[PDB]
2 protein chains.
Amino acid sequence: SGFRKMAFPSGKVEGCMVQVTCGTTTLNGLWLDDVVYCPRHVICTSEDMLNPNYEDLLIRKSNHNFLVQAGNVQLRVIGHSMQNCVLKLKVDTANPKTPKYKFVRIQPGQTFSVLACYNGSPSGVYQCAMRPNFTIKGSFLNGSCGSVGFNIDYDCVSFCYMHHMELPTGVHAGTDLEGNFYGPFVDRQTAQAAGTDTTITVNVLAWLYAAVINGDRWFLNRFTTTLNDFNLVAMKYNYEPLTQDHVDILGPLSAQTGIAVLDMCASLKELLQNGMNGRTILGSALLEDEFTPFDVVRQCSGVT
Amino acid sequence: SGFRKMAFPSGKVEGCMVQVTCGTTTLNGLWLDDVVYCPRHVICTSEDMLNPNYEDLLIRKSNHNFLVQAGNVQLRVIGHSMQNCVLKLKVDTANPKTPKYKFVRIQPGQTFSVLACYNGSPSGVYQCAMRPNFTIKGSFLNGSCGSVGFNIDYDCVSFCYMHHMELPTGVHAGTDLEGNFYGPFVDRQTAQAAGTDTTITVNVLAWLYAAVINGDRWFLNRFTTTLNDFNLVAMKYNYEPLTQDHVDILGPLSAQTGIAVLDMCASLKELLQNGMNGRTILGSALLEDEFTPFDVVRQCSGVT
Ligand SMILES: Cc1ccncc1NC(=O)[C@H]1CCC12CCC2
Ligand SMILES: Cc1ccncc1NC(=O)[C@H]1CCC12CCC2
């Protein structure tokens with residue numbers, strides 16, 4: 001028993017982290033097979049970042065200008081290309097520690113682990129969610145760009161995120177591993193609005209199921225609701241509208257606990273309308289939305 | 001910016017996790033050099049665990065009864081010994097992935113990362129604190145015994161905890177790597193009381209300093225206090241009495257922010273006496289005590 005914000009074991013990703021230097025800028029690279037992936041802003045000086053012309057800036061760089069260092073040893077760059085907002089540096093050596101991997105574009109509301117890195121070195125790992133507004137509330141300082149987000153299915157690492165930017169509001173923005181930004185963001189030092197974020201309803205309900213499984217049951221009530229009634233309340237409290245697809249994914253948790261999904265929504269409704277009244281659920285005094293139904297089933301069953 | 005409950009990169013520890021089977025019981029082992037460390041209750045059947053005589057139970061076991069499997073390959077056991085509550089199995093092969101390591105006994109209030117494992121395989125990593133009552137609020141299911149807690153100083157892994165038991169109250173108990181239990185617990189299926197726990201005051205103050213650094217400043221007030229006045233409030237709210245040693249460790253955070261430690265205590269005092277009034281600090285609606293002053297300085301500076 002017990003329920004923690006658990007990250008995936010970061011070992012397979014640690015073996016891929018490299019340092020990439022271009023001119024005076026240093027950031028993190030992801031070495032998979034004979035390719036190093038990093039944010040294209042590695043080629044910019046702080047002055048360039050105001051309104052960078054990436055095609056022009058890259059034209060002044062050669063393979064020899066990209067210094068790639070894996071731990072202590074140097075990698076030889078034999079090719080460079082820009083794909084959207086990432087640079088792909090072809091190296092002459094395939095990474096011996098390349099795990100089985102996939103590049104996937106996650107949906108908003110999905111979760112992943114971030115291995116925060118500086119100068120090619122990992123400092124820590126944490127589990128976070130991709131916000132409905134495509135930002136992530138991470139922990140990133142100057143030098144963390146190129147750090148990646150991932151999920152792990154047995155031996156396969158699905159890379160889903162690469163860190164690029166910190167918005168003026170302190171929230172984080174980045175791309176998938178093909179250099180496509182999540183959200184409307186651009187890799188430019190300009191004010192950029194993150195749209196209205198919402199709470200991930202299905203994840204809060206999944207976390208309420210994890211609480212029941214672990215013993216926190218005080219929020220369970222004698223009430224039920226409908227998808228229409230619940231969604232009226234969800235809209236009032238800036239929660240994502242719950243759909244039958246969300247109810248279907250909650251199926252296994254509903255089956256294990258014997259608590260119908262609409263009954264759990266009625267508990268969530270009363271918590272949204274009344275608050276916690278000074279109590280906690282799984283050691284939290286607010287409604288947690290960073291555990292998907294899949295994360296809860298995994299942690300509650302022991303999937304390794 | 002941003003502040004997360006960050007765990008250490010678990011790579012060096014993943015390479016040490018093995019599976020240990022004895023009879024019908026399987027749990028996790030820690031392979032360092034030519035020795036495998038695991039909880040001694042691996043030699044017990046569920047019936048034995050009511051009142052086990054470990055010396056007698058171990059006497060019926062030989063090196064060949066301890067099946068140690070590292071991922072897929074089998075390790076040959078050439079020796080076995082009981083040290084307090086752990087078994088030390090001498091194997092004929094030194095682990096090639098043995099990192100630089102130390103065995104340390106942490107103090108209550110200190111934090112560490114846990115690499116949760118099942119059948120020798122890692123499922124996740126999370127950061128937690130050793131409670132003042134020597135329990136940990138972990139996430140552990142049947143099969144997680146032998147999972148370890150650690151800290152990392154550059155390339156050295158300091159092992160501080162091995163999971164052994166889940167108390168009837170759902171909280172966790174375990175030993176240092178010499179088999180010495182933290183707290184009054186015994187590896188026996190008997191009711192055992194975890195003493196009155198308290199909130200780790202210095203860590204809450206460290207977390208208040210991390211909030212100021214990241215922008216959450218609403219809790220800062222025009223007041224100050226004394227160690228005596230603050231400690232009267234701390235006792236009323238079941239907080240650890242703050243000492244000059246705690247104030248001295250908060251020194252670097254006090255210097256960086258320009259907020260005197262006793263001024264931060266006055267903010268904590270008003271939060272303890274008034275609550276949060278529906279607001280949050282670093283995304284939390286309660287006072288977080290699982291970040292030490294060292295954890296905050298590290299995350300806020302980028303120590304890798
Ligand atoms: C200082 C910092 C901290 C964390 N993450 C990111 C940053 N900074 C940035 O995002 C800057 C570096 C060039 C940039 C990309 C858009 C403009
Ligand atoms: C079921 C479980 C889950 C998590 N952690 C631990 C356990 N269980 C135990 O602690 C049992 C197994 C033998 C034991 C040690 C004292 C009696």
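We number each residue from 1, going along the chain as drawn.
How was it done? The header gives X-ray crystallography, 1.8 Å.
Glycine residues also receive a Cβ, built from the backbone N, Cα and C atoms like all the rest.
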From B:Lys90, B:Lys269, name the one Swiss-Prot lists as ubiquitin cross-link.
B:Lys90
Name, in order along the sequence, the recorded positions among B:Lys5, B:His41, B:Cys145 with a Cβ closer than 8 Å to any chain A Cβ.
B:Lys5
Compute the C-alpha separation of B:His41 (active site, for 3CL-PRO activity) from B:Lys5 (ubiquitin cross-link), stating it in Å without decimals.
31
B:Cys145 (active site, nucleophile) versus B:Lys5 (ubiquitin cross-link) - Cα distance in angstrom
23
Checking proximity to ligand 2 here: which recorded positions out of B:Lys5, B:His41, B:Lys90 have their Cβ closer than 6 Å to it?
B:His41
I want to check the contact list for B:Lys90 (ubiquitin cross-link): same chain, sequence separation of six or more, C-beta distance under 8 angstroms. What comes out?
B:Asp34, B:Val35, B:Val77, B:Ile78, B:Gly79, B:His80, B:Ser81
Protein Cβ atoms within 10 Å of B:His41 (active site, for 3CL-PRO activity), excluding its own
24
Restricting to the chain of B:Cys145 (active site, nucleophile) and a gap of 6 or more, list residues whose Cβ falls under 8 Å of its Cβ, or answer none.
B:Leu27, B:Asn28, B:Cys38, B:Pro39, B:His41, B:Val42, B:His163, B:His164, B:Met165
